[PDB]
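Laid out below as structure tokens are two forms of one and the same protein chain, each shown alone and named structure 1 and structure 2.
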Structure 1
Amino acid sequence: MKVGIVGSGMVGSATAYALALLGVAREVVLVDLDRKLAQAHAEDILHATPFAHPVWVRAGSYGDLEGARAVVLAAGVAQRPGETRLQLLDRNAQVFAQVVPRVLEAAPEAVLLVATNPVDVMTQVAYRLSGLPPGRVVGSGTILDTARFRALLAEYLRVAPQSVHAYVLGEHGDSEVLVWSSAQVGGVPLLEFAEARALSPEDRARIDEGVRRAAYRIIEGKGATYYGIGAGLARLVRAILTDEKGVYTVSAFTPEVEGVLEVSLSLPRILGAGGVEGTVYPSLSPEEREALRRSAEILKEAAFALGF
């Protein structure tokens, strides 16, 4: 099966690299405005293939996207020193208004995976422009933070990450919510389980920061993040390719969430061949509900300001 990636930058190329090294798909096509950029990345990656799996990674045009089961959208522009954030956002939205129609043209059945930051905002824009049902436009959302949250909880409890059940919901950013209340280990309540075989506010704060500020720390000393999202996207693509029906905290147009209407944010969603297939609402505490409501408002606002 083949997967598309429009936007052959650091995020786009890293995802292709992960897809190859992990052998998630037989064919991977990079599409970019800068034709030579996409070709150079495909060839560099192709030189890695003999050392991993037989994956056909190549650069192509929208036409070469035909038959793709999923298409990663990692196209976008870089902010100009001095312009406003809503000016930047508007410019990316223009990029999407060019890309979405082109992609669905060549691969009408493809599930759209939005990766361009801010992912929740771009996920809403991708949805409005596509003309598809909500479930077929999926943003990576908080999958990376949710995973780091479990890893951290597992490192603290001295248990395996697979046994830890924890979610980071809402906006993929500063207003994300760590669902501490219903977090579980082996089906048992985390906080409870820890208080015996605990978690002080200082421990929770240190974990909160290890999760919430990771992107910030990475951008700070590297300029951008891509390796992490590359594998995360790779995993989301495998889920679509294999029709796994696995539960991931990904961004998707949500009818109503805690009061706000028609906004895209991360919630535990069942992911398969046709996109998201159902939401799994976990138990939230008043505080958490409120934070999720807060985070939702922030995105709804950006949405309105942008015309979506």
Structure 2
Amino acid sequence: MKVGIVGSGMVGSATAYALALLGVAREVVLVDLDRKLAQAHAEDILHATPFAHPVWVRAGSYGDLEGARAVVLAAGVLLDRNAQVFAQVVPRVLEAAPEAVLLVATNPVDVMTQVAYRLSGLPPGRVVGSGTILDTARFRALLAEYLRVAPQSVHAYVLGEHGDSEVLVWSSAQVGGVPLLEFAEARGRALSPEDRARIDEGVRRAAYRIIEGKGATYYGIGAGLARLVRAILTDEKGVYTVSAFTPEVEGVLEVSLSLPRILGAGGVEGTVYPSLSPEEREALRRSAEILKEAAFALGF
């Protein structure tokens, strides 16, 4: 299988790097306006492959994306300029890779997924935004540290906007099949309001802290996008909190935000409107209205 990445900056190349080491696809093609940059990243990642799996890593143009099952959109130059980028990029991608699933990372990722969606003319399940997939992973990693258990055992969700209005879903969170409060107690911890506030801050301000420390985030999302690409290429039928055009959510219509969804060869194949407290559900409504306004004020 062949995967494409348009926008070979830090996010795109980190994604290419994860795909290569984890052997997700037999072939990865990086596309970037800066052609020497794509080539440099491609060569560097190609050179990792003898340590891991056979992957034909290379740089190319949209034409080289032919037959790609998935193409990751991580291109950026504001929402004004970014939206103009996607106007250029999307139709060129689909020209070459008609049946590819689009995976959007470019921020603000919710609004950009909707732009990608309006431009593509494909079923909404075919245009997938990374959405809160990274926030969910952050929430899990932070509960993991707090509980000192493997994040792979923590099953917690972040929904709504990949941004400031995102909703941490505490009510239905579970660890190893056990409700979060009661697992925490067994572990010797109380999840006090103070503990919660601290974990909330940890997730909500995560990107800010990393940016101020090293200028950008890319390792986290690189891995999350590689994982979604894998979900798509293997027709995994796995559940992830990703963003996609949603007919309706809490009364808000035709908006893209993250809910738990089933990912497979067709992209999003199912959406779960899950179980939230009144507090969380209202937070999700407020989040959905934030994203709605933002997209309309741009015509998408």
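For residue numbers, the reference is structure 1: its sequence is counted from 1. For clarity, a rigid core is taken as the largest C-alpha set superposing within 1.5 Å between two forms. Only residues modelled in both forms are compared.
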**Request:** Report the residue, chosen from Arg235, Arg102, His165, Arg128, for which the CA moves 2 Å or more between structure 1 and structure 2 after the rigid core is overlaid.
**Result:** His165
**Request:** Please say whether, between structure 1 and structure 2, the C-alpha of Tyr156 moves by 2 Å or more once the core is aligned.
**Result:** yes
**Message:** After a rigid core superposition, would you say the CA of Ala115 moves by 2 angstroms or more between structure 1 and structure 2, or not?
**Reply:** no
**Prompt:** Does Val177 show a Cα shift reaching 2 Å between structure 1 and structure 2 after rigid-core superposition?
**Reply:** no
**Request:** On a rigid core superposition, how far has the CA of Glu192 moved between structure 1 and structure 2, in Å, if you could check?
**Result:** 4.3
**Asked** By how many angstrom is the CA atom of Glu258 displaced between structure 1 and structure 2 after fitting on the core?
**Response** 0.6
**Request:** Determine the segments between structure 1 and structure 2 made of three or more consecutive residues whose Cα atoms all move at least 2 Å, using the rigid core for the superposition and only residues common to both forms.
**Result:** 150-165, 184-197
